[PDB]
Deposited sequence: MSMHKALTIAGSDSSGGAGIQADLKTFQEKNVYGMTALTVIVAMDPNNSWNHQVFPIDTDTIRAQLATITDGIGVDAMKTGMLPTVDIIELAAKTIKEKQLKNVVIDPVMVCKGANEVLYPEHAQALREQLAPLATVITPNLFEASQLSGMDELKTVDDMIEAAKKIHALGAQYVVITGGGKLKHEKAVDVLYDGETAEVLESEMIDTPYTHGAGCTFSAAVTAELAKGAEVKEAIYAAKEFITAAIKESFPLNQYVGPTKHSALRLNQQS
């Protein structure tokens, strides 16, 4: 009695982003989650939280994918941190060959890395969910500063072959509200939620894309799912908190408890 989702992403030792975010989000929305781990990330506690990154062998990634895609099926799927061009290639190759449905590509950002994302993974996306930095990279334009900027980036990145584009803006956008831009082939919609005044938004992007994936896995319409996911991080950011002086994750259980 469960719908299933795959996340091809990284481990976040601190527990608010990557695999952890993804599994936490999946679980909150009653979707049976499975992970293909691509890197292990740690933050050094005596070195001002310095990211230490431990990449996982391509073969190991293949093995996990084998069992998840060939041996079980998935109703939806997302990519998070794919740290290497080979891994982007493996992910893209898996998606085509296994003909995976409801592909939510979160283009977590080397030149050829950005380019592989653009040239191999983007065209395969049902939904693609860049933030302002990621959006301007994929579209090849300058720093996005206005809601108009986001809109022409959305069109530009949609032109790569992604079905739907969500450009995430929120806290990093100068604006009265927390705004994202949703674009089908046709028209741009501006999604709005309350701005939460908080620096505690670690793993928000991973949680948003996770929340889209989960919703897509349960059979929702793409736009329906994106709205639902917008509802989810808003609640999860509103109840966000600090872990230590470097990092404050979102509260995935927030929608459920309120």
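**Prompt:** So which bits of the deposited sequence did not make it into the model?
**Reply:** Gaps vs deposited seq, in order: 1, 111-119, 269-271.
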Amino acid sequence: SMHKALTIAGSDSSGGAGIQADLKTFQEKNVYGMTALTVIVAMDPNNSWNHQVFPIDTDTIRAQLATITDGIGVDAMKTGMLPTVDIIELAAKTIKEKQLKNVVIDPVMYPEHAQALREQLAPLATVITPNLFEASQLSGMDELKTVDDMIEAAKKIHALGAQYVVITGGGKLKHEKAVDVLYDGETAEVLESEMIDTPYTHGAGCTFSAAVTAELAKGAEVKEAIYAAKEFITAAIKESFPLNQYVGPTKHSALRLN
From here on, numbers count along this sequence of modelled residues.
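**Residue range whose averaged C-alpha B-factor is higher in the record, 220-228 or 26-34** = It is 220-228 that shows the higher mean C-alpha B-factor.
**Residue stretch of maximal mean CA temperature factor, 137-145 vs 100-108** = Stretch with the greater average CA B-factor: 137-145.
**Message:** In terms of recorded Cα temperature factor, pick the maximum from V85, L182, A76, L121.
**Reply:** The record points to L182.
**Message:** Using only the C-alpha B-factors in the record, can you name which of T67, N46, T213, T207 has the highest?
**Reply:** Highest C-alpha B-factor among the listed options: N46.
**Request:** Within this chain's modelled residues, let me know which third the CA B factor of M150 belongs to: lowest, middle or highest.
**Result:** Top third by C-alpha B-factor.
**Relative C-alpha B-factor of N258, binned into the chain's lowest, middle or highest third** = Answer is highest: the recorded C-alpha B-factor places it there.
**Request:** Quick one: classify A42 as lowest, middle or highest third of the chain based on its Cα B-factor.
**Result:** Within its chain, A42 is a lowest-third residue by C-alpha B-factor, going by the deposited values.
**Request:** Select lowest, middle or highest to describe the third in which the CA B-factor of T187 falls within its chain in this entry.
**Result:** As the PDB entry reports it, the C-alpha B-factor of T187 lands in the highest third of its chain.
**Asked** Taking the C-alpha B-factors as the PDB entry records them, is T126 in the lowest, middle or highest third of its chain?
**Response** Bottom third by C-alpha B-factor.
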